[PDB]
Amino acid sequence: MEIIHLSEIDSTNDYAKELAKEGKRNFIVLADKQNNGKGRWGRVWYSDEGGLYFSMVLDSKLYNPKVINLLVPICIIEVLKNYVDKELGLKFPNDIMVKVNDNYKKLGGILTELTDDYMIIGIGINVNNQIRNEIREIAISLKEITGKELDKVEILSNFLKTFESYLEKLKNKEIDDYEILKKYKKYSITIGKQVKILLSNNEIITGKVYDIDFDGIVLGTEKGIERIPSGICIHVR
């Protein structure tokens, strides 16, 4: 997979999209730092030197996008496990979390955009970048956890290798789509929790998380069982 390695850019997602609009496919845009990194729904994503910031552009018909959406977080988890001894988990939708002192802090996130012919998967992982003092309460870096500077090159390389082997096992039919979902549920720290979810239509849904599937989250609320697509969830607390 072709990798365009930049020293800086506004956002790897936005730049990957311009290139994708013009025809490019199956490539990655990696940037040592971002001047305007973006998170889900209007969030800013601090992208100082030391972090891993890249966007993968894939053919929309390479495989089921809904399956890919679950595969990405899974691969990140399994790759980071090789570097961290602490508990890793997935917070709905795709926050990559690490347990610290009976507390979960965010190590990274995923921002995805899907079009008819391609999907852009933006991945941000806090590796050696310094987390702003204010949010050190909810965010953390791998360097803070391990006590050592990790190699961002190796991390990316292992992520890609892991992601591709899974891709080849799915198409080769060595593993079912459901097995990917089972891995997701295994790492999910959201299922079984009582939550208040803010949606993009201003509604707030409160309830017990029974399950998360390829389409979204399933909650037991006052109204009964409610299903919510992951793409419209602005905030989950």
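In case it trips you up, residue 1 is the first one in the sequence shown, and so on.
Quiz item: Which wins on mean Cα temperature factor, 174 to 182 or 48 to 56?
Solution: Stretch with the higher mean C-alpha B-factor: 174 to 182.
Quiz item: Given the B-factors recorded for C-alpha atoms, which segment has the greater mean, 80 to 88 or 119 to 127?
Solution: The recorded data point to 80 to 88.
Quiz item: According to the PDB entry, is the CA B factor of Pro93 in the bottom, middle or top third of its chain, that is, lowest, middle or highest?
Solution: Ranked within chain, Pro93 CA B lands in the middle tercile.
Self-check item: Within-chain third of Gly192 by Cα B-factor, per the entry
Solution: Within its chain, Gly192 is a lowest-third residue by C-alpha B-factor, going by the deposited values.
Quiz item: Hey, what third does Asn64 fall into on Cα B-factor, ranked over its chain?
Solution: Tercile = highest for this residue's CA B-factor.
Quiz item: Split the chain's modelled residues into thirds by Cα B-factor; is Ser157 in the lowest, middle or highest one?
Solution: Middle third.
Practice problem: Could you tell me which third, lowest, middle or highest, the C-alpha B-factor of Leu6 occupies within its chain? | Solution: Its C-alpha B-factor, which the entry lists for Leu6, ranks in the lowest third among residues of this chain.
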